Novice: 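The structure is given below, and queries will be raised subsequently.
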Amino acid sequence: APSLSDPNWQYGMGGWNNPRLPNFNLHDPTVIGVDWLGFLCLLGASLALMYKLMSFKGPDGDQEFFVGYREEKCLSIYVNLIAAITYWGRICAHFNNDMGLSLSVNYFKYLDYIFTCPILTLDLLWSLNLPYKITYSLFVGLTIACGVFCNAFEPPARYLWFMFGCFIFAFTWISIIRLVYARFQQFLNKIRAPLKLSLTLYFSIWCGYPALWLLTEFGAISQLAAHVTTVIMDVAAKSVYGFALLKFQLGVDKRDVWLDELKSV
Amino acid sequence: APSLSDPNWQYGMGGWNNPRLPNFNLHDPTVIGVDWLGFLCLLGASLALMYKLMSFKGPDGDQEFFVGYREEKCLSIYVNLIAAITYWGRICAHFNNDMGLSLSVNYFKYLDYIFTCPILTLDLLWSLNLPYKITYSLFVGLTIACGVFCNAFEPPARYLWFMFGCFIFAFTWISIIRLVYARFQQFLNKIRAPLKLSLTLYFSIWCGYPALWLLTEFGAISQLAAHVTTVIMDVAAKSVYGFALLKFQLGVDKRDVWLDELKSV
Amino acid sequence: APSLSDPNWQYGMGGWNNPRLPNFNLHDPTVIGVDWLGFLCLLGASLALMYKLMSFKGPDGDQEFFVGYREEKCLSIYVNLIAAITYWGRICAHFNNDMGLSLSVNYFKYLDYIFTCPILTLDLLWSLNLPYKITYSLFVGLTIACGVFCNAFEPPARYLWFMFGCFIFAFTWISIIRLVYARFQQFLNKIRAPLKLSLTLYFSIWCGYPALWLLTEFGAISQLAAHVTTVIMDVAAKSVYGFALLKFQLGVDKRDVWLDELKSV
Ligand SMILES: *C/C=C(C)/C=C/C=C(C)/C=C/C1=C(C)CCCC1(C)C
Ligand SMILES: *C/C=C(C)/C=C/C=C(C)/C=C/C1=C(C)CCCC1(C)C
Ligand SMILES: *C/C=C(C)/C=C/C=C(C)/C=C/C1=C(C)CCCC1(C)C
């Protein structure tokens with residue numbers, strides 16, 4: 001009796017077809033332009049990061065492959081490159097008239113984030129030498145899986161999965177923010193306002209994904225606007241972050257007095 | 001000519017439909033109750049482990065994030081949490097009348113074990129400082145993949161995959177048991193009978209999965225009884241294990257004389 | 001309007017059905033024999049590597065589990081074993097008349113390579129102590145994913161994915177070859193011609209995969225010949241490599257003067 005096809009519901013792209021959202025035309029000029037812009041931004045950021053890292057000769061300017069033997073510094077590059085590949089799929093799907101198996105790369109919403117967000121969290125926590133560097137990465141991965149199930153499934157299980165992922169993300173993100181603030185309250189030793197604004201806005205960009213999902217679900221924001229905003233948030237979250245960290249963890253052993261093991265909060 | 005739909009066989013939930021097993025009603029009160037109990041047990045165990053670990057301040061009571069900078073101690077928590085998420089899916093599938101895409105979380109038998117058993121084996125071998133700590137984890141993962149293919153496929157390939165996974169598991173488990181006995185014959189220095197009973201019964205719980213599959217396949221044990229027994233075995237294998245290890249590897253560097261590199265068997 | 005089924009194209013095994021290639025009879029005696037030979041070769045190589053590694057007692061002949069506590073030496077074994085499992089699936093699919101769900105193990109071309117090539121690259125770069133040991137592993141993985149999408153999708157997106165994977169592989173492989181030549185120009189201190197021939201032919205075997213795909217795509221080489229050549233290339237690339245490295249990185253700490261961190265190219 002159990003089956004994957006409930007005959008009381010409709011299905012389409014990405015799983016359950018919400019009866020209140022109209023069909024989203026993936027072949028609109030706005031969508032093609034925005035996807036091209038996102039792919040170009042991510043690929044350019046990845047190439048520039050790779051050039052700036054591999055070309056670094058070390059603090060004393062004699063160590064070829066200085067970053068090659070210190071792999072944790074390259075963790076940013078992958079986060080961009082994988083994203084670029086995902087966006088490349090979108091471009092391919094438009095050359096195929098947004099048709100057939102080519103859509104499979106981005107068929108399920110938030111699935112592409114499974115291979116990026118955990119690595120971004122891991123690199124952010126490793127760069128600042130913070131505790132629970134992988135535990136929170138796994139928690140973010142489970143959040144992404146919860147979101148994938150939520151967007152794929154029918155209303156009841158969809159909302160239950162959303163709630164599960166929401167508490168997991170809330171706990172992990174509050175913990176990460178407290179750790180990062182504790183670490184950065186030592187750096188302060190003009191920079192204060194810009195640093196605080198950058199930190200709070202970077203946290204807000206992450207917090208804005210579930211807000212966008214909720215706005216899209218109940219017909220507040222249109223699907224086209226949601227797509228454009230999602231592309232902008234992905235670019236802002238991934239491209240800048242690596243460049244911001246590049247001028248910070250270059251030519252260091254990552255065990256300085258500033259970045260020693262966190263003590264007393 | 002090749003196709004994924006052999007017209008000489010029937011198909012249903014989880015792949016091939018055995019013509020000798022009746023359809024298993026996933027919407028039975030017993031199944032809902034047992035799945036709720038399993039989810040509650042796994043989630044409670046995960047939360048209690050997380051609280052007891054993150055709250056540990058170190059041997060001298062001055063190291064906040066003592067476990068945060070020693071990640072290998074948290075490897076237990078993930079094993080539970082992932083399991084809980086899997087069980088959460090079951091609960092979601094019952095709120096959706098055991099219908100539609102919601103079943104996809106537990107569509108394929110033993111697939112959920114792919115992300116838990118390797119981590120459990122890795123943590124068990126790392127805690128006791130034993131050799132081949134990852135090789136046996138990968139072997140267990142390949143065993144889980146073999147079981148997934150076995151349950152998914154039609155009789156001939158099903159039995160061949162079962163046989164392959166069976167020898168892999170036999171070799172890996174005998175090796176692990178010999179290593180664990182060699183390590184624990186030093187600890188003995190009242191505890192002997194309880195420790196031996198706990199160790200042998202924990203090994204028996206792992207050994208009982210293929211036995212349950214064989215009993216279910218040939219109509220000895222009913223599918224409902226198999227489901228209840230599988231839930232009990234999962235709880236026993238995962239919830240207790242972490243709590244048992246918690247009072248052992250707390251506030252240590254994991255390189256003591258007892259847990260030095262194994263020598264002479 | 002978007003759907004995974006473009007009605008202007010045909011579909012079959014592995015995704016898009018090329019209208020210029022005839023249906024490939026997977027139940028031909030040549031295919032069964034070649035798959036059996038490949039499975040036997042990979043499994044025998046894995047078993048012999050495992051026996052020769054686990055049985056090593058260390059440089060001074062007193063360290064049981066010498067390789068067990070030095071895991072990076074076993075990275076070869078997994079590369080073979082996983083491959084064997086994949087080939088096992090093929091054998092299973094022939095016992096099921098090349099029918100039904102059993103084909104799912106090898107439904108998508110190059111998907112099986114996702115879990116082998118990255119590990120092979122990682123082990124090769126780690127054994128010689130070379131930089132970017134994981135970055136190039138991830139690049140090879142993304143190349144394999146690009147190839148999977150290329151073979152799965154319809155002509156336009158297929159060729160675009162092929163081009164993307166082709167540049168990624170070109171960059172990564174030229175970088176790896178330059179690093180390996182730089183490392184091995186120190187070893188030279190009769191061996192020169194055999195070593196150079198082995199190195200260049202091993203690189204050529206890797207370079208020959210996209211060449212085989214291009215030859216198959218445009219009806220130059222027949223599908224049966226492509227299958228046999230692919231099996232031979234897999235055996236040559238995986239079985240020999242581990243045995244070649246076995247007599248090199250046995251009973252060493254992997255930080256000798258020859259294998260110190262690469263300097264000045
Ligand atoms: C580059 C892409 C990034 C950083 C994406 C991040 C995505 C999230 C943090 C998503 C979070 C979600 C929840 C907290 C609730 C469930 C829905 C999600 C997946 C959108
Ligand atoms: C928490 C869940 C756990 C520990 C599950 C463990 C499962 C196994 C050890 C399964 C083993 C199997 C075989 C040895 C043969 C093939 C069938 C399996 C997968 C049930
Ligand atoms: C044991 C199997 C091995 C080593 C397989 C290796 C495969 C490749 C290096 C494949 C490379 C490809 C490209 C560079 C272009 C796209 C097509 C591929 C995947 C065949």
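Any value given below was found using the heavy atoms of this structure, including those in side chains, with hydrogens, waters and symmetry copies removed. In listed order, ligands and their atoms are each counted from 1. A note on names: the letters A, B, ... follow the listed sequences, proteins ahead of strands, and every chain is numbered from 1.
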Novice: Any donor and acceptor pair, going by atom type alone, linking the side chain of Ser137(C) with main-chain N or O of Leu122(C) inside 3.5 Å?
Specialist: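 Such a contact is found between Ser137(C) side chain and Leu122(C) backbone.
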Novice: Is the distance between the ring centroids of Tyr209(B) and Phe169(B) under 6.0 Å?
Specialist: no
Novice: Any idea which protein heavy atom is nearest atom 13 (C) of ligand 2, and the distance to it?
Specialist: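 That would be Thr143(B) CG2, 3.8 Å.
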Novice: Give a yes or no on whether atom 5 (C) of ligand 1 lies under 4.0 Å from any heavy atom of the protein.
Specialist: yes
Novice: Identify which of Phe169(B), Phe162(B), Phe164(B) has a heavy atom lying nearest to atom 16 (C) of ligand 2.
Specialist: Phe162(B)
Novice: Evaluate the side-chain proximity of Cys150(C) to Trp213(C): yes if any heavy-atom separation is below 4.5 Å, no if none is.
Specialist: yes
Novice: Can you find a protein heavy atom closer to atom 18 (C) of ligand 2 than 4.0 Å?
Specialist: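 So atom 18 (C) of ligand 2 lacks protein heavy-atom neighbours under 4.0 Å.
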Novice: List every atom of ligand 1 that sits less than 4.0 Å from any heavy atom of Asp234(A), numbering the atoms from 1 in the order shown and giving each element.
Specialist: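 Matching atoms, with element in brackets: 1 (C), 2 (C), 3 (C).
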Novice: What protein heavy atom is closest to atom 9 (C) of ligand 2, reported as residue, atom name and distance in Å?
Specialist: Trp206(B) CE3, 3.7 Å
Novice: How long is the span from the CG atom in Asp234(C) to the SG atom in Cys117(C), to the nearest 0.5 Å?
Specialist: 8.0 Å
Novice: What do the steps show when you test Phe139(A) against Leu81(B) for side chain to side chain contact (heavy atoms under 4.5 Å, CB included), and what is the final call?
Specialist: CA-CA 9 Å; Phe139(A) 286 10; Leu81(B) 189 58; 3.4 Å; yes
Novice: Tell me which protein heavy atom sits closest to atom 3 (C) of ligand 3, plus the residue, atom name and distance to 0.1 Å.
Specialist: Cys117(C) SG, 3.3 Å
Novice: Would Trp213(C) count as a contact of ligand 3 if the rule is a heavy atom under 4.0 Å away?
Specialist: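 Checking ligand 3 against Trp213(C), which is what was asked, there is no heavy-atom contact under 4.0 Å.
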Novice: If the cut-off is 4.0 Å to any non-hydrogen atom of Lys238(C), which atoms of ligand 3 fall inside it?
Specialist: 1 (C), 2 (C), 3 (C)
Novice: So which protein heavy atom does atom 11 (C) of ligand 2 come closest to, and at what separation?
Specialist: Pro210(B) CD, 4.0 Å
Novice: Using the ring-ring contact (aromatic ring centres under 6.0 Å, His included) definition, which of the options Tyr110(C), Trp16(C), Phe108(C), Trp161(C) pairs with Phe149(C)?
Specialist: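 Among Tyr110(C), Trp16(C), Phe108(C), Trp161(C), the one meeting ring-ring contact (aromatic ring centres under 6.0 Å, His included) with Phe149(C) is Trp161(C).
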Novice: Heavy atoms only: which of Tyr113(C), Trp173(C), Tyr209(C), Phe167(C) is nearest to atom 8 (C) of ligand 3?
Specialist: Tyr209(C)
Novice: How many angstroms lie between atom CE of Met163(B) and atom SG of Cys146(B), to the nearest 0.5 angstrom?
Specialist: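 The SG atom of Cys146(B) is 10.5 Å from CE of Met163(B), to the nearest 0.5 Å.
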Novice: Would a distance-only check, ignoring hydrogens and angles, find a side-chain to backbone donor-acceptor pair under 3.5 Å from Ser46(A) to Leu42(A)?
Specialist: no
Novice: Less than 4.0 Å is my threshold; does some heavy atom of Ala83(A) fall inside it relative to ligand 1?
Specialist: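 Not so, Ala83(A) does not reach ligand 1.
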